[PDB]
Amino acid sequence: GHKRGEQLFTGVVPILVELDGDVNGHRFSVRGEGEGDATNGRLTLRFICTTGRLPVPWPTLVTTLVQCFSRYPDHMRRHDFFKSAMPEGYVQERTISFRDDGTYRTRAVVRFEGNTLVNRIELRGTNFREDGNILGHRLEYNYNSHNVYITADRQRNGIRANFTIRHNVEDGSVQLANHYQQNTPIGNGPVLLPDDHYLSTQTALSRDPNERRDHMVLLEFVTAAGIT
Ligand SMILES: [Cu+2]
């Protein structure tokens, strides 16, 4: 499926993101729109909290809110699980453990709906501290560059990822977010299971000066590496 998979991402692909969340019993929705250019490893997305103010800091939702847009170098083309699963797509599930705070559990369907790459997500957040860095909104509106360490999950016919997000705190401390990820294909066709490698992920967060709703403008650059 990797040959057809590759061809689905050769140009600029429209993206739709839909997130329904419940954190410590606070319900919210995020809707995101933009485009991906896998050839350049580039994402541009605009996200709206459609339900009011986001009950958690925007930066905490970045990993949850489409790794099929990663730039896989030619010599790593056999290691691109994400594109090989398209168009039928994959289920992406995470546990995100915030050090000394609560936990997100996420389940996402990533697939083509017509010519649009859609990321449809459910998030449940539990056991957050009422006056922690997250519910207290003490995280800076910024984002560090990270390596996502990918390994094959042969039993699942998919992949696992492990990484720790470093969120800058307003007092100059760092809030760690331990990510446990598994991806499983939705389709029955063959997918590529990779040798161990990483995704070099860089994220720029900005604001739309014209937008009244709680929102996040995102630009992301992602390249696969760690295989010679
Ligand atoms: Cu294939």
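Note that the numbering runs from 1 along the sequence shown for the chain. Remember, it's 1-based here, ligands and their atoms both numbered in the order they're listed. Below, all heavy atoms of this structure are taken into account, side chains as well, without hydrogens, waters or symmetry copies.
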Requested in this report: Apply side chain to side chain contact (heavy atoms under 4.5 Å, CB included) to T106 and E93, showing your working.
Outcome: CA-CA 5 Å; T106 71; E93 293 177 350; 5.8 Å; no
Query raised in the report: Are the aromatic rings of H179 and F163 close, with centres under 6.0 Å apart?
Result: yes
Query raised in the report: Around the Cu ion (ligand 1), how many protein N, O or S atoms are closer than 2.8 Å?
Result: 3
Query raised in the report: If only atom types and distance count, is the side chain of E18 paired as donor or acceptor with the main-chain N or O of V30 below 3.5 Å?
Result: no
Query raised in the report: Taking the six-membered ring of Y104 as reference, does the NZ or CZ atom of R94 fall below 6.0 Å from its centre and within a 45° cone about the axis?
Result: no
Query - Geometric class of the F47/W58 ring pair [parallel <30°, tilted 30-60°, perpendicular >60°] - result: tilted
Query raised in the report: According to the interplanar angle, ranging from 0 to 90°, do the rings of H167 and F98 count as parallel (below 30°), tilted (30 to 60°) or perpendicular (above 60°)?
Result: parallel
